[PDB]
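Here is what each chain is made of, one letter per residue.
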There are 2 protein chains.
Amino acid sequence: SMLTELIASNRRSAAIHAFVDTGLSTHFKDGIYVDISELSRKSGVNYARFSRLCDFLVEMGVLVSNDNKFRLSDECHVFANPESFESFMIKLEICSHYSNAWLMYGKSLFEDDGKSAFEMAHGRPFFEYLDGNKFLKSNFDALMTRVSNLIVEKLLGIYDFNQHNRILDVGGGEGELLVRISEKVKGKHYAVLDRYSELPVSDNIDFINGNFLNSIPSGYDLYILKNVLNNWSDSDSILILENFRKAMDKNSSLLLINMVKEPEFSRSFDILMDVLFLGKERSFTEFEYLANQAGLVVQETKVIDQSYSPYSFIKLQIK
Amino acid sequence: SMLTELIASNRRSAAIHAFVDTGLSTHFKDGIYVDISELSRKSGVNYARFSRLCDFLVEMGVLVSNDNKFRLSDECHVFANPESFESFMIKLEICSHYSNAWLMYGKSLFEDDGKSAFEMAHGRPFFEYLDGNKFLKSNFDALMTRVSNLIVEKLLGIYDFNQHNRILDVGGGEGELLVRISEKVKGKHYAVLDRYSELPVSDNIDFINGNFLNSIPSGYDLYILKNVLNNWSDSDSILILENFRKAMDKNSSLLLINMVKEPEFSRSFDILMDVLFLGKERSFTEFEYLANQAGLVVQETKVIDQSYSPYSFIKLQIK
Ligand SMILES: Nc1ncnc2c1ncn2[C@@H]1O[C@H](CSCC[C@H](N)C(=O)O)[C@@H](O)[C@H]1O
Ligand SMILES: Nc1ncnc2c1ncn2[C@@H]1O[C@H](CSCC[C@H](N)C(=O)O)[C@@H](O)[C@H]1O
Ligand SMILES: O=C1c2cccc(O)c2C(=O)c2c(O)cc(O)cc21
Ligand SMILES: O=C1c2cccc(O)c2C(=O)c2c(O)cc(O)cc21
Ligand code: NA
């Protein structure tokens, strides 16, 4: 039934995971039709059992079937690329750590100790745990790098970066955003702040080991905070924006860039942020409220359109 | 996007699991509208975070929102009952053992050792593992009991059981099917064969500790095999049906009752049977082939409509 297939929603994720995580999807490059008999002889995958998985992937719209051959749908071409954002997403989505986090989600709703379902499962908050787990950190940092690489073109389009001199990306991870911005917008100073046990190295990039809960360094006229506040509570979000106000002078600008909560789109991500971080996906007005509480003023707001979600672009300056 | 929410299908199952497994859903009996403010004060669940879960359950069509209150949808009334088949289904669906089995699914497609993804994860085949695991066994045996209870009325309706004298249910589990049949069809000999470390006890039911891979006891004129063959390969399925033909005389009947593979319905269950058992959901034609290889003939074929899935009713006799 529709109700039992809704209960069995996990089977869709798990089917895609088996298809992608094995690298079987990498045989479906450039919308080529694949003979499963040939793929079975080549890769050693069981013909009959993989044929049944392919049938389920057709039902899901991941594959298209014609004359007993299978190609990836136009929309799912990304699964042929193991470096794609979608490839890293599914590898994390149903990994043992996320699964065990979800199994503590119910119990976490009855606790007021400020411990996420992830922390209740694993004994540390998400980012602290990633320090001791390379599988989670490498895949998570790689996903953030891919979505950073996707948005850069449209971000340069809507805001003049040439007016600025000194640019700091706060929680910039591997620093892919500013590496890409520096290629187009040259002659500037570029710095990336994150939690680094070993500093990354890149041409024209000053990598800083820091903690945006404690302080943000002053002496930059442009600050960037992309996909950070979704990982934090309202009070921790205010504390971060307060550290920005303390760091910023009258001619400083902060670009607050996040996936925005539209009524039209799914709440599934909002729940994942609760499970992993005790975070949430916020609306424009919710972001504006946090900024005003921290002593920051909205100078301009824009919407950036990305394939997977709309983004909220919010320019902030001090009162 | 539609692709990223398809990747994130597991989030639907996990959200439902949190709502049902905690017993929060049992506050929504008889389609009543629930004040979440009051439920939070009563149960101690966090208001703001559970409100966000409820908004996701509305999006899924599990809850309906009116007058700043929430009720279960007509179809999802079953979630209010912790005794319901649907409640046992979601408890198993994303449990750690199923999750770890799914994470071995991809790797299992490249092996030819006859080890299910479940066995690769846990070190024993499903039913042998359940012998040592009270959570898995109790919940699985409970699920099978509920679906056995649901079908019995329609099963008695489409087949005359009064013509028979000695009835054996092979792999009959807790024995729910024959217990309910014996209440309506009186003055018969009733036997249930399964794997029992301790024999169940029930008025006028002969419980047998057996192995249908080894032998089926002779001297019964009616045999029942319901939701068994989906747990077995083609060769193991033939072996079971061969053991039936050796046990059956010319006057004997075997009722082969299974959820049937119809092109209209989802292939998700077929894949789950691969992961847990190296089994499969089969069509009428596929069942007929196996029966013919075992030396049995299809005399009667009917379809039984159940809420969650259509059932194939196949009456077999020896050649
Ligand atoms: N206390 C802290 N100080 C600095 N960075 C932190 C931090 N806690 C978490 N982070 C970083 O915050 C980032 C959240 S993910 C966002 C990465 C990047 N801005 C992008 O949009 O792609 C991670 O890189 C994480 O390491
Ligand atoms: N080798 C074996 N011999 C006998 N029963 C077996 C078996 N292997 C598995 N079983 C049993 O087969 C059943 C499969 S589930 C089916 C239960 C019941 N017929 C129903 O439809 O509700 C379980 O009860 C399991 O314990
Ligand atoms: O896919 C994302 C993602 C995509 C775009 C923007 C994002 O911020 C995220 C994000 O934060 C995230 C996450 O925190 C944990 C995940 O398992 C997956 C994702
Ligand atoms: O829900 C079912 C189910 C329903 C009806 C008839 C069934 O046979 C089953 C079944 O076999 C099964 C299973 O083997 C493992 C599960 O996690 C769930 C189910
Ligand atoms: Na009203």
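Residues numbered from 1 in each chain as written, not as in the entry; some residues may be left out. Chains lettered and ligands numbered in written order. Heavy atoms only, no water.

1. Here's the deal with the relation of the copies chain B and chain A
Here comes step 1: Placing chain B over chain A gives an RMSD of 0.2 Å and needs a rotation angle of 179°, together with 0.0 Å of translation along the axis. Between the two chains, the operation in question is that of a two-fold axis. Relative to the rotation axis, the C-alpha of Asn10(B) is the closest in chain B, positioned 1.8 Å from it.
Here comes step 2: When you check the interface residues of chain B against chain A, 99% turn up at the interface there too, and the contact is symmetric in its surfaces. (Least-squares fit on C-alpha atoms. Contact = heavy atoms within 4.5 Å.)

2. A look at the nonpolar core
Here comes step 1: In this structure, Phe50(A), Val62(A), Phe79(A), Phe50(B) and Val62(B) are the most contacted members of the largest nonpolar core, which totals 171 residues.
Here comes step 2: Residues contacting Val62(B), with those up to four places away along its chain left out, are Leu6(A), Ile16(B), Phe19(B), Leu57(B), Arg71(B), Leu72(B), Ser73(B), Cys76(B) and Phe79(B).
Here comes step 3: Core analysis: the second largest hydrophobic core is formed by 30 residues, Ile216(A), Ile238(A), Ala291(A) and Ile314(A) among them. (Core = buried A, V, L, I, M, F, W, Y, C linked by side-chain atoms within 4.5 Å. Buried < 20%, exposed > 50% of the residue type's maximum accessible area, 1.4 Å probe, protein only.)

3. Topic: the domain arrangement of chain A
How large an interface is tends to be reported as the accessible area lost when its parts come together.
Here comes step 1: The domains assigned to chain A are domain 1 (2-82) and domain 2 (146-318).
Here comes step 2: Averaged C-alpha coordinates put domain 1 of chain A and domain 2 of chain A at centres separated by 37 Å. (Domains from an automatic or database assignment.)

4. So, the pattern of salt bridges
Here comes step 1: Under the defined criterion, the tally for this structure stands at 30 salt bridges over all chains.
Here comes step 2: The partner of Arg52(B) in a salt bridge is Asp274(A), with the nearest N and O atoms 3.9 Å apart. A residue pair is termed interchain when its members come from two chains, as with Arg52(B) in helix α4 (residues 47-60) and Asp274(A) in helix α13 (residues 268-277). The pair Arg52(B) / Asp274(A) is uniform in exposure class, with both members buried.
Here comes step 3: Residue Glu59(B) is joined to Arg12(B) by a salt bridge in which the shortest nitrogen-to-oxygen separation is 3.7 Å. Here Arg12(B) lies in helix α2 (residues 10-21) and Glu59(B) lies in helix α4, a separation of 47 residues in the sequence.
Here comes step 4: On the accessibility criterion, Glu59(B) (36% relative accessible area) is partly exposed.
Here comes step 5: Overall, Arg12(B) belongs to the buried group, its relative accessible area being 12%.
Here comes step 6: One salt-bridge network, in which partners are shared between bridges, spans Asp270(A), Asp274(A), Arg49(B) and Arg52(B). (Salt bridge = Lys/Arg side-chain N within 4 Å of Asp/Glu carboxyl O. Helix = DSSP H or I, 4+ residues; strand = E, 2+ residues; numbered from the N terminus.)

5. Concerning the site of ligand 1
Residues and elements named next belong to chain A.
Here comes step 1: Taken together, 16 residues form the shell around ligand 1, and within it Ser148, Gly171, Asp194, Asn211 and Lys226 come nearest.
Here comes step 2: Note that a nitrogen atom of ligand 1 is positioned 2.8 Å from one of the backbone N or O atoms of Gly171.
Here comes step 3: Between ligand 1 and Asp194, the relevant distance is 2.6 Å, taken from an oxygen atom to a side-chain nitrogen or oxygen of the residue.
Here comes step 4: Contact with the protein chains covers 96% of the free accessible surface of ligand 1, which is 570 Å².
Here comes step 5: Considering each element in turn, the shell around ligand 1 owes the most residues, three residues, to helix α10 (residues 134-158).
Here comes step 6: When grouped by side-chain class, the residues that make up the shell around ligand 1 number five nonpolar, eight polar and three charged. (Near = heavy atom within 4 Å. Polar contact = N/O pair within 3.5 Å; in protein donor to acceptor, adjacent residues only side chain to side chain. Areas by Shrake-Rupley, 256 points an atom, 1.4 Å probe, with all protein chains shown as cover. Nonpolar A, V, L, I, M, F, W, Y, C, P; charged D, E, K, R; others polar.)

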